[PDB]
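Atoms within a ligand are numbered from 1 in the order they appear, just like the ligands themselves. Hydrogens, waters and symmetry mates are skipped; everything else that's a heavy atom, side chains included, is used. In what follows, every chain begins at residue 1, and chains take the letters A, B, ... in the order their sequences are listed.
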Amino acid sequence: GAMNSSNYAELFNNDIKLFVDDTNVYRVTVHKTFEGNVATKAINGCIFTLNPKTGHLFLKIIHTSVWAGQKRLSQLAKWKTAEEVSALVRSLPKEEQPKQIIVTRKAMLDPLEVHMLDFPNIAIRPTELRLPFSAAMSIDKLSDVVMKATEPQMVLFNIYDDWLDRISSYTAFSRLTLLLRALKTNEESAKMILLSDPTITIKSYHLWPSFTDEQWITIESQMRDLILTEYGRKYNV
Amino acid sequence: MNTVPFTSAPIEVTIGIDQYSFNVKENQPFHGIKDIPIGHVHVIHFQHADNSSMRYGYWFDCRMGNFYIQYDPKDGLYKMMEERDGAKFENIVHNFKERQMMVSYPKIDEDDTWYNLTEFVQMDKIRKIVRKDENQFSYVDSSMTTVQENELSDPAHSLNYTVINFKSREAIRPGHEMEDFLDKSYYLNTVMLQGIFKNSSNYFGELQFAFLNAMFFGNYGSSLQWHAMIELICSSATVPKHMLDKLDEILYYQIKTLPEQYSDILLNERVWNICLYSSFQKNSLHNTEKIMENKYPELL
Ligand SMILES: N#C/C(=C\c1ccsc1)C(N)=O
């Protein structure tokens, strides 16, 4: 059934699973027309498909050309997401295919279920967690590859960099969700925290700075502070 | 005009014949039902006074044989039976009509209700949904489950309605996932109408029979099936205009006949609000929408 705080360690067991977030698939800027009406202009998007145990991120870039001449794009976006997730599963060797796919938004359940009818033994599940994966486009290197794409493209990342060499999956996922929650609540300050200094750089093959164990504790502490604050600044407390 | 005679009435029971019903007292001198209209299927049904659990009954067509009812004290129910001896059965019946021990099927001349509820229902199709091939008549009760229900446990005593499942490979063409899920016309017209039912009369017959089993016996799986067949039409953008017009008439008479106090369990809010207000056919069921709004405005 649904995924929540009670069954949170299940993410890090040895059954292959993927999270699918569709919040950045269909992205628009809203603007005025010469006649003073309002129009949307789509920009490139992405499906965020993540193995929480390994950190493997299958980032399917959604080029604006896929929307040309189409209607009801927010609805199409869910079915396009499900088509691409299904295509990804079919491209994997059987022993790499997931046994569960967890969608971050309940409106993905029927589109994915219908697209995965060929896979009756893959469980499609919602979640009650409010996961901050929408903020993935606040990760500079992810945003850069999405906006530069001139065609549909899949790009593979490890969203944990090399963290699993030193920490567990559970710990790496907690760190990821803390980083993303911060970026989501106050992008500027979150980004100031992460790279305002010189000597703690991002390797060419990484997404996040090369922090020592001690520097990660400071960083994580600073992200908690930001998040608690913004929660006051928001509710005055 | 035909007759469903009775051996006796040894236990107090409410007897239904189509949409009519009457109370018979324990050991009351009652010997059956006369003046039953020829040309329609009928259902004769029972609710014991002691055990309102299990409504049960028999679908039959008097053209297909001579049917009589005898209470079985071992199995504890009124059983329908067929008599081959045309001459013996008649002499027993005339005798009873002479003694006026039968109730008359009480059809008002103006009234087309039963025809309108059974327009497309034929005994031959009933007997393929209810499989008991040694008898010309079909038993149904409150508890019987459907084939599709048994897939989600005695196969002999099941209702073999046509399985409809909107998230199934039968319903969804590879590569038309979104199109077929949001517009079920493919599944309605090609899969079900052209492929399985052959024509819309057979589809409507099963739909009407499912409704009647839901209404007369409280059969939950029949109710599920009725709503599924409605929803499949309403969720199709492309439906023959004659089918929509006939569907409106069919549902109107079902809604007109439903007991006002059973509307809470027998009507699925989601299906009806989607069908009347969101679906492709939201504007195509004028008679049904008007009686639903004046009689069950709470559901909506
Ligand atoms: N004929 C006959 C029989 C019984 C009846 C017939 C109508 S009412 C009771 C019978 N064969 O046992």
Is any side-chain N of the basic residue among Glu179(B) and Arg173(B) closer than 4.0 Å to the acidic one's carboxylate O? yes
Just wondering, are more than 12 heavy atoms of other shown residues or ligands nearer than 6.0 Å to OH in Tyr277(B)? yes
Please round to the nearest 0.5 Å and tell me the distance separating atom NZ of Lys282(B) and atom CG of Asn273(B). 14.5 Å
Name the residue from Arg125(A), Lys17(A), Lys99(A) that meets the salt bridge (charged side-chain N to carboxylate O under 4.0 Å, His left out) definition with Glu10(A). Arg125(A)
Mind checking whether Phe216(B) and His45(B) have ring centres under 6.0 Å apart? yes
First-shell residues of ligand 1 [heavy atom, distance under 4.0 Å]: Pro5(B), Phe6(B), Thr7(B), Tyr68(B), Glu83(B), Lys88(B), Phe89(B), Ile92(B), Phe96(B)
Qualifying residues under salt bridge (charged side-chain N to carboxylate O under 4.0 Å, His left out), relative to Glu260(B), sequence neighbours excluded: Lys295(B)
